[PDB]
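These protein sequence lines are chains Z and E, in that order.
Numbering-wise (the entry's author numbering), the first sequence opens with residue 66 and increments by one.
Under the entry's author numbering, the letters of the second sequence match residues 24 to 113, 131 to 199, 205 to 236, 254 to 376, in that order.
Quick reminder that beta carbons are idealized off the backbone N, C-alpha and C, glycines included.
Reading through the structure tokens given below for one structure.
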Amino acid sequence: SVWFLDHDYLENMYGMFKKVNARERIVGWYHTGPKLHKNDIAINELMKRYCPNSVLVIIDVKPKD
Amino acid sequence: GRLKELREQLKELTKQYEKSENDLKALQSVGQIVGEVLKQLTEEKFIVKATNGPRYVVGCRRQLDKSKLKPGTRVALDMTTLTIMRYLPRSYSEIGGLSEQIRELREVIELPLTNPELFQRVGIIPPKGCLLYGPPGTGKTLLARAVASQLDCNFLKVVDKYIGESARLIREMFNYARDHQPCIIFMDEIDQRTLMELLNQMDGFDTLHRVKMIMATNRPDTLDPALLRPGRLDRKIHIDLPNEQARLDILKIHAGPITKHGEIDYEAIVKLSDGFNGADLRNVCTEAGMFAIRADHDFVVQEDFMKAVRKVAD
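Below you can see the structure in the form of structure tokens.
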């Protein structure tokens, strides 16, 4: 339950990206640690605010097969 | 009170900012070059030509609906990959006595326009058109647009050959005409192997859509015996000779939309000048109106018509 997503940094990166790419916009968030840590739900709620339907994508640093 | 303007202000603060996002987003489209689908080379690639002239081979981007992209279809292509994108295709009786007009013409124009079943059961192809002939003007210039009124549908007025563009354009507009079955093609003032070739479009070239292509015009000096042969030209209607009473009716009709005292001796006026022509009576009315304009008479006095009658008689 100790999770932080700097709102200022998020907004600034959003603005920069849109300025260089208008068509783009937030669609979700991504995290590693294949075992989805229980915090995810809470974090997703934050994203729900930034995007009404924000999807979570878990990526693996080491692919097996 | 001090808050009411703030509420409206908020809508403004967003409004100008609203445009900024719209402007920024709109500030990136690079446009495209417009061209036409010259041919469908393959289900995956097709030959197209930009308006500038160069011709390339391109393909559908994701789903361009090739079923509807038949040879010839406007499409805009990006000038970085040449891919297919959004496609966008870019008075019933004004001649007084019309018994002659409302009779054979009606019975040969609308009868073949309603019940093709009747004739096909008879086994006879419906007549395609009839020819009117007689005095120029009233019978030729006039009552030509009136046919649309009689049938109550919009018609097309068509005014050896240079390149055959006569028949070419006739066929090219034939599909448009057939799209409207009630529509009637009126090739008035129609005037080797184009008129005779003109005899072949009616037989085929999409002439099975229940439309009477009345070749009604005295203009053509040369008359084709094959056309007047039964079938092609079912029958000929001679424009009736004005009897000076139909002239009275025409004057009354045109006298309608005219402001006058009312004590008009219409019979006297018609006897004054034998215009003989509906357009001549139109000129009579116009000249009476002009004479009224002289001295600034909103009405038209009796002598004004007589001057108009005398003037046209010249």
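State the DSSP-derived secondary structure class of residue i, mapped to helix, strand or coil.
i: Z/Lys84; result: helix
i: E/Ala357; result: coil
i: E/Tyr132; result: coil
i: E/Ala278; result: coil
i: E/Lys298; result: strand
i: E/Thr37; result: helix
i: E/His225; result: coil
i: residue 200 of chain E; result: Residue numbering in chain E breaks between 199 and 205, and residue 200 of chain E falls inside that break, so it has no position here.
i: Z/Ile123; result: strand
i: E/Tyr328; result: helix
i: E/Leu270; result: coil
i: E/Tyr207; result: coil
i: E/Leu171; result: strand
i: E/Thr284; result: coil
i: E/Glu44; result: helix
i: Z/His72; result: helix
i: E/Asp311; result: helix
i: E/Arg113; result: coil
i: E/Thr181; result: coil
i: E/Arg25; result: coil
i: Z/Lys113; result: helix
i: Z/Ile108; result: helix
i: E/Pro176; result: coil
i: Z/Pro128; result: coil
i: E/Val162; result: helix
How big is the Cα-Cα spacing for residue i and residue j?
i: E/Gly177; j: E/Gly337; result: 11 Å
i: E/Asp265; j: E/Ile235; result: 18 Å
i: E/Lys68; j: E/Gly82; result: 4 Å
i: Z/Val85; j: E/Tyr207; result: 59 Å
i: E/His271; j: E/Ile229; result: 11 Å
i: E/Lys373; j: E/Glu349; result: 8 Å
i: residue 63 of chain Z; j: E/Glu66; result: Within the shown structure, residues of chain Z are numbered from 66 to 130, placing residue 63 of chain Z beyond reach of any answer.
i: E/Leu214; j: E/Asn280; result: 22 Å
i: Z/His96; j: E/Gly58; result: 46 Å
i: E/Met275; j: E/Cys170; result: 8 Å
i: E/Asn305; j: E/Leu111; result: 57 Å
i: Z/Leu101; j: Z/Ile123; result: 8 Å
i: E/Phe353; j: E/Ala186; result: 29 Å
i: E/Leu261; j: E/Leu172; result: 18 Å
i: E/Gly351; j: E/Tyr132; result: 24 Å
i: E/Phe361; j: E/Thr321; result: 5 Å
i: E/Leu29; j: E/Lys91; result: 53 Å
i: Z/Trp94; j: E/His225; result: 58 Å
i: E/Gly54; j: Z/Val67; result: 48 Å
i: E/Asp286; j: E/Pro94; result: 38 Å
i: E/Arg356; j: E/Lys369; result: 12 Å
i: Z/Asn118; j: Z/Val92; result: 8 Å
i: Z/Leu111; j: Z/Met78; result: 17 Å
i: Z/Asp71; j: Z/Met81; result: 16 Å
i: Z/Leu75; j: E/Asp101; result: 34 Å
i: E/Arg146; j: E/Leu191; result: 8 Å
i: E/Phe219; j: E/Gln263; result: 10 Å
Tell me which same chain residues have a C-beta within less than 6 Å of the C-beta of residue i, skipping the five on either side of it?
i: E/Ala308; result: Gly136 and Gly137
i: E/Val199; result: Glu234
i: E/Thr74; result: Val57
i: E/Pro227; result: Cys193
i: E/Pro175; result: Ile301
Along chain E, which residues have their Cβ under 9 Å away from the Cβ of residue i?
i: Z/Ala107; result: Within 9 Å Cβ-Cβ: nothing; Z/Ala107 doesn't reach chain E, min ~30 Å.
To which residues does DSSP link residue i through a beta bridge?
i: E/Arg78; result: E/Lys72
i: residue 120 of chain E; result: Regarding the residue in question, residue 120 of chain E is not represented: chain E runs 113 and then 131, omitting everything in between.
i: E/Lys197; result: E/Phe231
i: E/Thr106; result: E/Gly82
i: Z/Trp94; result: Z/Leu121
i: E/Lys62; result: E/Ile70
I'd like the list of long-range same chain contacts for residue i, defined as Cβ closer than 8 Å, with 5 residues on each side in sequence excluded.
i: E/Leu183; result: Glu134, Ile135, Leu138, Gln141 and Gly340
i: E/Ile326; result: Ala317, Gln364 and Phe367
If the cut is a Cβ gap below 7 Å, which residues of chain Z does residue i touch?
i: E/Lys48; result: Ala87
What residues from chain Z crowd round residue i, counting only those whose CB sits closer than 9 Å?
i: E/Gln51; result: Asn86, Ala87 and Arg88
So, for residue i: in the same chain, excluding its five sequence neighbours on each side, which residues have a beta-carbon less than 7 Å away from its beta-carbon?
i: E/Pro282; result: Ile235 and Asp236
i: E/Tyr79; result: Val71 and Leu105
i: E/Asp296; result: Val148, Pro167 and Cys170
i: residue 117 of chain E; result: Within chain E, the sequence of modelled residues goes 113 then 131, so residue 117 of chain E has no position in this structure.
i: E/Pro156; result: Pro166 and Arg272
i: E/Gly209; result: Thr256
i: E/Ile331; result: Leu313, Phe367, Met368 and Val371
i: Z/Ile106; result: none
i: E/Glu259; result: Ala212
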